[PDB]
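Data from work_22.txt: compact mmCIF, C-alpha atoms
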```txt
# COMPACT_ATOMS: atom_id res chain seq x y z
CA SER A 1 0.00 0.00 0.00
CA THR A 2 0.87 3.69 -0.25
CA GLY A 3 -0.39 7.04 1.02
CA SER A 4 -0.04 10.58 -0.29
CA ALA A 5 -1.29 13.72 1.43
CA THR A 6 -0.82 17.40 0.82
CA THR A 7 0.76 19.38 3.61
CA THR A 8 -0.04 23.09 3.90
CA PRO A 9 1.68 25.98 5.70
CA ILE A 10 -0.46 27.30 8.56
CA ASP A 11 0.45 30.92 7.86
CA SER A 12 2.40 33.23 5.58
CA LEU A 13 5.70 32.45 7.37
CA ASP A 14 5.57 28.65 7.14
CA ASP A 15 5.63 28.50 10.96
CA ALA A 16 4.31 24.98 10.65
CA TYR A 17 2.51 22.66 8.25
CA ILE A 18 -0.79 20.82 8.61
CA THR A 19 -1.81 17.64 6.88
CA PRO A 20 -5.40 16.28 6.89
CA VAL A 21 -5.87 13.00 8.78
CA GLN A 22 -9.01 10.85 8.86
CA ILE A 23 -9.69 9.41 12.32
CA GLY A 24 -12.54 7.09 13.20
CA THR A 25 -15.69 5.75 11.58
CA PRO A 26 -17.25 7.69 10.02
CA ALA A 27 -14.14 9.69 9.34
CA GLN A 28 -13.38 12.71 11.43
CA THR A 29 -10.86 14.82 9.59
CA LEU A 30 -8.34 16.69 11.71
CA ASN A 31 -5.44 18.81 10.48
CA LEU A 32 -2.33 17.54 12.16
CA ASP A 33 1.25 18.69 12.44
CA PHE A 34 3.37 15.82 11.10
CA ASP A 35 6.39 15.80 13.40
CA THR A 36 9.51 13.68 12.65
CA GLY A 37 10.88 14.96 15.99
CA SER A 38 8.29 13.17 18.19
CA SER A 39 6.33 9.94 18.32
CA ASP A 40 2.87 10.68 19.72
CA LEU A 41 -0.23 11.06 17.59
CA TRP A 42 -2.41 13.26 19.75
CA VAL A 43 -5.50 15.29 19.02
CA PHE A 44 -7.71 17.98 20.39
CA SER A 45 -10.84 16.15 21.44
CA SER A 46 -14.19 16.14 23.19
CA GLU A 47 -12.17 15.46 26.35
CA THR A 48 -9.99 18.59 26.09
CA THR A 49 -10.56 21.20 28.81
CA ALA A 50 -13.11 23.52 27.17
CA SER A 51 -11.21 26.72 28.05
CA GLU A 52 -8.17 25.25 26.25
CA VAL A 53 -9.98 24.79 22.94
CA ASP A 54 -10.24 27.87 20.71
CA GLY A 55 -11.15 27.06 17.13
CA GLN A 56 -9.53 23.69 16.68
CA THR A 57 -11.40 20.74 15.26
CA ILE A 58 -11.88 18.04 17.86
CA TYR A 59 -11.94 14.28 17.76
CA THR A 60 -15.03 12.84 19.44
CA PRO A 61 -14.35 9.14 20.17
CA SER A 62 -17.97 8.51 21.23
CA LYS A 63 -19.01 9.30 17.65
CA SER A 64 -16.63 6.73 16.19
CA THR A 65 -17.87 3.17 15.93
CA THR A 66 -14.28 1.89 15.71
CA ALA A 67 -12.91 3.84 18.71
CA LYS A 68 -11.97 1.77 21.77
CA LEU A 69 -10.60 3.22 24.98
CA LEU A 70 -7.15 1.84 25.70
CA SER A 71 -7.86 1.01 29.29
CA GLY A 72 -5.47 2.52 31.80
CA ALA A 73 -3.35 4.26 29.19
CA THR A 74 -2.26 7.86 29.67
CA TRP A 75 0.15 10.14 27.90
CA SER A 76 2.02 13.30 28.66
CA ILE A 77 4.48 15.16 26.50
CA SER A 78 6.59 18.33 26.49
CA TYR A 79 8.26 19.75 23.41
CA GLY A 80 11.46 21.71 22.83
CA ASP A 81 9.57 25.00 22.59
CA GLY A 82 8.24 24.45 26.12
CA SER A 83 4.72 23.48 25.06
CA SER A 84 2.96 20.38 26.37
CA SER A 85 -0.15 18.25 26.34
CA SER A 86 -1.53 15.21 28.10
CA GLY A 87 -4.51 12.91 28.23
CA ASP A 88 -5.78 9.41 27.67
CA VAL A 89 -5.78 7.02 24.71
CA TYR A 90 -8.11 5.36 22.26
CA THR A 91 -7.33 3.03 19.42
CA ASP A 92 -9.09 3.85 16.18
CA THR A 93 -8.73 3.76 12.44
CA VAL A 94 -6.46 6.44 11.09
CA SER A 95 -5.94 7.15 7.43
CA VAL A 96 -3.45 9.49 5.79
CA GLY A 97 -3.77 10.20 2.08
CA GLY A 98 -5.47 6.87 1.34
CA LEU A 99 -3.25 4.84 3.65
CA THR A 100 -5.14 3.19 6.52
CA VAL A 101 -3.99 1.87 9.89
CA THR A 102 -6.44 0.03 12.12
CA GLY A 103 -5.89 0.06 15.86
CA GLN A 104 -3.73 3.20 15.83
CA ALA A 105 -3.18 4.75 19.22
CA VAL A 106 -4.98 8.08 19.11
CA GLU A 107 -3.95 10.11 22.13
CA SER A 108 -6.82 12.26 23.33
CA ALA A 109 -5.83 15.53 24.95
CA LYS A 110 -7.39 16.35 28.31
CA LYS A 111 -4.93 19.22 28.70
CA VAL A 112 -2.89 21.34 26.29
CA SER A 113 -0.60 24.31 27.01
CA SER A 114 -1.49 27.81 25.86
CA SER A 115 0.71 27.60 22.77
CA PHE A 116 -1.56 24.91 21.37
CA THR A 117 -4.76 26.65 22.42
CA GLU A 118 -3.60 29.86 20.78
CA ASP A 119 -3.01 28.09 17.48
CA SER A 120 -6.44 27.44 15.99
CA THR A 121 -4.98 25.87 12.83
CA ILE A 122 -3.38 22.79 14.45
CA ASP A 123 -5.75 20.08 15.71
CA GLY A 124 -2.94 17.89 16.95
CA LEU A 125 0.36 16.25 16.11
CA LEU A 126 1.23 13.05 14.27
CA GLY A 127 4.65 11.89 15.38
CA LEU A 128 7.01 10.22 12.91
CA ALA A 129 10.12 9.81 15.04
CA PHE A 130 10.90 6.36 16.42
CA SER A 131 8.33 4.67 18.62
CA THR A 132 10.84 4.40 21.47
CA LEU A 133 9.96 8.05 22.24
CA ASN A 134 6.22 7.44 22.47
CA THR A 135 4.97 8.66 25.85
CA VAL A 136 1.99 6.34 26.33
CA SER A 137 2.05 4.62 29.69
CA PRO A 138 2.12 1.88 30.96
CA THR A 139 2.20 0.34 27.46
CA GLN A 140 4.21 2.28 24.90
CA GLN A 141 2.46 2.70 21.55
CA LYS A 142 3.67 2.64 17.96
CA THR A 143 3.67 5.54 15.50
CA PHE A 144 1.42 5.56 12.48
CA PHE A 145 4.45 4.90 10.27
CA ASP A 146 5.55 2.04 12.48
CA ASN A 147 2.06 0.50 12.31
CA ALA A 148 1.84 0.99 8.53
CA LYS A 149 5.40 -0.09 7.70
CA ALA A 150 4.85 -3.76 6.95
CA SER A 151 1.91 -3.00 4.60
CA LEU A 152 3.78 -0.31 2.67
CA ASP A 153 5.23 -1.12 -0.75
CA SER A 154 8.52 0.21 0.62
CA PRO A 155 9.20 1.01 4.30
CA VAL A 156 9.66 4.75 3.77
CA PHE A 157 7.94 8.06 3.98
CA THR A 158 9.04 11.29 2.33
CA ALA A 159 8.70 14.91 3.26
CA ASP A 160 8.45 17.47 0.48
CA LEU A 161 7.72 20.72 2.29
CA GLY A 162 6.90 23.81 0.27
CA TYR A 163 8.24 27.33 0.65
CA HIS A 164 5.21 29.53 1.10
CA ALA A 165 3.30 26.80 -0.68
CA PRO A 166 1.76 23.38 -0.15
CA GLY A 167 3.83 20.25 -0.28
CA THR A 168 3.51 16.54 0.18
CA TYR A 169 3.99 13.67 2.61
CA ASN A 170 4.17 10.32 0.86
CA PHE A 171 4.09 6.93 2.55
CA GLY A 172 5.52 3.80 1.03
CA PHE A 173 6.97 5.12 -2.19
CA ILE A 174 9.45 7.56 -3.62
CA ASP A 175 8.09 9.98 -6.19
CA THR A 176 10.93 10.23 -8.66
CA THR A 177 9.25 13.27 -10.31
CA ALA A 178 9.42 15.24 -7.07
CA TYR A 179 13.15 16.01 -7.03
CA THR A 180 16.09 16.83 -9.26
CA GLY A 181 19.31 14.85 -9.60
CA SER A 182 19.92 11.98 -7.19
CA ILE A 183 18.98 11.23 -3.61
CA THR A 184 21.99 11.14 -1.29
CA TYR A 185 21.54 8.77 1.58
CA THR A 186 23.24 9.29 4.88
CA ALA A 187 23.49 7.24 8.10
CA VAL A 188 21.00 7.57 10.94
CA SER A 189 21.41 6.97 14.64
CA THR A 190 18.20 5.94 16.37
CA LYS A 191 19.92 5.93 19.76
CA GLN A 192 18.02 9.04 20.95
CA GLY A 193 14.79 8.10 19.18
CA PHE A 194 15.26 10.73 16.46
CA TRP A 195 16.09 10.82 12.77
CA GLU A 196 19.60 11.81 13.82
CA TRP A 197 22.29 12.24 11.18
CA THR A 198 25.57 14.03 10.53
CA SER A 199 25.81 16.82 8.00
CA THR A 200 29.21 17.13 6.35
CA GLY A 201 29.44 20.91 6.61
CA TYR A 202 28.15 24.20 5.34
CA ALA A 203 28.61 27.29 3.20
CA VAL A 204 27.27 30.85 3.56
CA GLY A 205 26.11 32.45 0.32
CA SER A 206 28.69 32.09 -2.41
CA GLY A 207 31.37 31.31 0.21
CA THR A 208 33.62 28.27 0.28
CA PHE A 209 32.29 25.09 1.83
CA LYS A 210 33.51 24.32 5.33
CA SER A 211 33.88 20.63 5.86
CA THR A 212 32.80 19.88 9.38
CA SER A 213 30.62 17.25 11.02
CA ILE A 214 27.34 18.58 12.37
CA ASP A 215 25.19 16.04 14.25
CA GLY A 216 21.53 16.93 14.09
CA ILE A 217 17.96 15.74 13.73
CA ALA A 218 15.65 15.94 10.76
CA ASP A 219 12.64 17.51 12.48
CA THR A 220 9.56 18.55 10.46
CA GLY A 221 7.95 19.73 13.70
CA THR A 222 10.51 22.48 14.26
CA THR A 223 10.18 25.66 12.21
CA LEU A 224 13.73 26.94 12.08
CA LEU A 225 17.26 25.70 11.49
CA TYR A 226 19.20 25.39 14.76
CA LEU A 227 22.95 24.98 14.42
CA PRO A 228 26.12 25.51 16.50
CA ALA A 229 26.80 29.11 17.53
CA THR A 230 29.98 29.25 15.39
CA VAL A 231 28.06 28.35 12.23
CA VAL A 232 25.20 30.72 12.97
CA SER A 233 27.57 33.57 13.78
CA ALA A 234 29.37 32.93 10.47
CA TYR A 235 26.02 33.16 8.66
CA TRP A 236 24.69 36.35 10.25
CA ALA A 237 28.05 38.10 9.99
CA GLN A 238 27.26 38.26 6.26
CA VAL A 239 24.10 40.32 6.90
CA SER A 240 24.67 44.01 7.60
CA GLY A 241 23.08 45.03 10.84
CA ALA A 242 22.24 41.52 12.01
CA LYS A 243 22.71 40.90 15.69
CA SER A 244 21.78 38.41 18.38
CA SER A 245 19.12 39.91 20.65
CA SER A 246 18.51 38.39 24.05
CA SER A 247 15.38 40.48 24.42
CA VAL A 248 13.93 39.02 21.23
CA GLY A 249 15.46 35.57 21.73
CA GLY A 250 17.82 35.12 18.79
CA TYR A 251 19.32 36.68 15.70
CA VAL A 252 17.38 39.55 14.15
CA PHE A 253 18.24 41.47 11.04
CA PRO A 254 17.07 44.60 9.24
CA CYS A 255 13.98 43.79 7.24
CA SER A 256 15.58 45.75 4.40
CA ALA A 257 18.34 43.15 4.05
CA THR A 258 18.76 40.67 1.26
CA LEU A 259 19.71 37.40 2.95
CA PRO A 260 22.45 35.09 1.63
CA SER A 261 21.73 31.44 0.98
CA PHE A 262 22.89 28.69 3.34
CA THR A 263 24.25 25.42 2.09
CA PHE A 264 24.47 22.24 4.16
CA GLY A 265 26.28 19.03 3.29
CA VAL A 266 24.76 15.59 2.88
CA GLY A 267 27.75 13.36 2.31
CA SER A 268 29.30 14.72 -0.87
CA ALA A 269 26.05 16.42 -1.94
CA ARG A 270 24.85 19.92 -1.08
CA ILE A 271 21.44 21.37 -0.24
CA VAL A 272 21.02 25.10 -0.78
CA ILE A 273 18.58 27.00 1.38
CA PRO A 274 17.71 30.21 -0.47
CA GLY A 275 18.13 33.36 1.56
CA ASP A 276 14.41 34.13 1.36
CA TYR A 277 13.70 30.89 3.29
CA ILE A 278 15.61 32.38 6.23
CA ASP A 279 13.36 35.48 6.59
CA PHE A 280 10.66 35.05 9.25
CA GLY A 281 9.51 38.59 9.12
CA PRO A 282 9.07 41.43 11.58
CA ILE A 283 9.59 40.50 15.22
CA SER A 284 6.37 42.40 15.97
CA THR A 285 3.74 43.88 13.67
CA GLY A 286 5.16 46.97 11.99
CA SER A 287 8.71 46.51 13.19
CA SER A 288 11.61 46.92 10.78
CA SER A 289 13.55 44.27 12.71
CA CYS A 290 13.05 40.75 11.26
CA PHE A 291 13.58 37.35 12.83
CA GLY A 292 16.19 35.03 11.46
CA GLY A 293 15.46 31.54 10.25
CA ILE A 294 18.85 30.29 11.34
CA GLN A 295 19.41 30.29 15.07
CA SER A 296 21.89 28.95 17.59
CA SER A 297 21.32 25.47 19.03
CA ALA A 298 23.41 26.36 22.09
CA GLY A 299 21.31 25.51 25.11
CA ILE A 300 19.01 23.23 23.12
CA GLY A 301 21.51 20.44 23.46
CA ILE A 302 21.06 19.28 19.89
CA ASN A 303 21.22 20.68 16.38
CA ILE A 304 17.87 20.77 14.59
CA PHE A 305 17.38 20.59 10.87
CA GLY A 306 13.90 22.02 10.99
CA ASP A 307 11.55 23.15 8.20
CA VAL A 308 13.86 25.96 7.06
CA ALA A 309 16.34 23.30 6.01
CA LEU A 310 14.02 20.43 5.11
CA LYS A 311 11.79 22.51 2.82
CA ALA A 312 14.84 23.13 0.62
CA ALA A 313 14.97 19.37 -0.05
CA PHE A 314 13.10 16.23 -0.89
CA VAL A 315 13.67 14.15 2.19
CA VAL A 316 13.38 10.39 2.44
CA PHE A 317 12.82 8.90 5.84
CA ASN A 318 13.93 5.32 5.22
CA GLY A 319 12.62 3.00 7.89
CA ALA A 320 14.37 -0.14 6.68
CA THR A 321 15.86 -2.47 9.28
CA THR A 322 18.77 -0.05 9.27
CA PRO A 323 17.16 3.36 8.92
CA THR A 324 18.76 6.02 6.76
CA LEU A 325 17.93 9.57 5.59
CA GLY A 326 17.92 10.67 1.96
CA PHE A 327 18.15 14.22 0.64
CA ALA A 328 17.64 15.48 -2.88
CA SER A 329 17.48 18.98 -4.30
CA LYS A 330 14.20 19.92 -5.93
```
Will you turn the file into structure tokens for me?
Amino acid sequence: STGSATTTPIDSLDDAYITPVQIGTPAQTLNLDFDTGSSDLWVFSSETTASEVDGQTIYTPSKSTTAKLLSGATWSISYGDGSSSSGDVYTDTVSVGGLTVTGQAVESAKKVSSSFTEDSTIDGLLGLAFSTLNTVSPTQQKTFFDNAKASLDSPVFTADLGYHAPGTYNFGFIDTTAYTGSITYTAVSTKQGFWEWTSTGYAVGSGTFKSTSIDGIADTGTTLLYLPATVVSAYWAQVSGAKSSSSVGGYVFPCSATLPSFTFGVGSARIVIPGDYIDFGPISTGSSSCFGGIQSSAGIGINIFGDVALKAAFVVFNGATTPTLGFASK
């Protein structure tokens, strides 16, 4: 089997992407944030504290003839941005782009932090990291990908995120029309539960490539590109007037600037992030100071190849017995 679903930016800045997911019988369609940096599929629901729901679409398990409470199961999760959610668990039928999993753990939010409440466009998350990170207790649950894997024509999914435009998540096949040149595959460590790999270096604009190993995770659920402070300093030093602002929380730059591209290495291959991808607009409405799309990972504890980087590529998440990551230009 295969699946193919369109993923759509939630706003003009590509702060995140939502992908429609059918849950239950009859289908309830929720728009979820596909997140290769986590492993819980959780949804706003009929169980979510009412004051914590503000415009999201909710999953109502009582209206699904295939929903079954997973007795005793709870979940609780915190993300790198400090947001969190928690609740209980049903199993139900979940389909993505024509691909169907029966008995998928659907984690029903009883509580969500303000960040989620304040974002009316995201009805939940669908984790695509490794199931070892799944927070369901006392019985850890599998991701949608993990549950689908055996049925898929090939044990892969791909992320083709658009820049200010819709893109595509495919399950079980590689769309050879979706990228240019070849796909360069690179080794993955699953030791921390993530799609963790090692970039072979970087360049800033038309500058020479710096060969250097950068360990990081391929994380569709993170907006920006988080890299070591040395790298990020090298990048912003090429932008007149750019500075790190503690008050704002990262590198800002004059909105009047033209940003240079950023290249990262995948083995011998190179992915170029156009400068425009790195502009996340005014720090506040009307401000002439703009927020940078490349930020320091210092104090995160890990480098994150978030959407800024991934949207510049066609990315293959290869869940073979030995998982690997593939990157192609597009």
Which polymer residues have any atom within 10 Å of an atom of residue 210 of chain A, counting all atoms listed in the file, with same-chain residues fewer than 3 positions away left out, as a VMD selection string? chain A and resid 200 to 204 207 213 231 263 to 265
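In this comparison, which uses all atoms listed in the file, the residue of A:291, A:42, A:116, A:157 approaching residue 87 of chain A most closely is A:42.
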Restricting the calculation to all atoms listed in the file, which member of A:132, A:8, A:64, A:256 is positioned closest to residue 40 of chain A?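 Selected residue with least distance to residue 40 of chain A: A:132.
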Taking all atoms listed in the file into account, name the residue in A:160, A:54, A:307, A:15 that is nearest to residue 217 of chain A. A:307
Calculated over only C-alpha atoms, which of the candidates A:300, A:29, A:320, A:185 has the smallest distance to residue 81 of chain A? A:300
For segment 226-325 of chain A against segment 139-145 of chain A, with a cut-off of 12 Å and counting all atoms listed in the file, what is the closest atom pair and its distance in Å to one decimal for every residue that makes the cut, ordered by chain and number, as CSV?
```
residue,atom,partner,partner_atom,distance
A:317,CA,A:145,CA,10.3
A:318,CA,A:145,CA,10.7
A:319,CA,A:145,CA,8.7
A:320,CA,A:145,CA,11.7
```
8 Å contact set for residue 45 of chain A, all atoms listed in the file, chain neighbours under 2 positions out, as a PyMOL selection string: chain A and resi 43+47-48+57-61+108-110
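Between atom CA of residue 172 of chain A and atom CA of residue 149 of chain A lies a distance of 7.7 Å.
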Quick one: residues within 9 Å of residue 22 of chain A, all atoms listed in the file counted, chain neighbours fewer than 2 positions away excluded, as a PyMOL selection string? chain A and resi 20+24-31+93-97+100
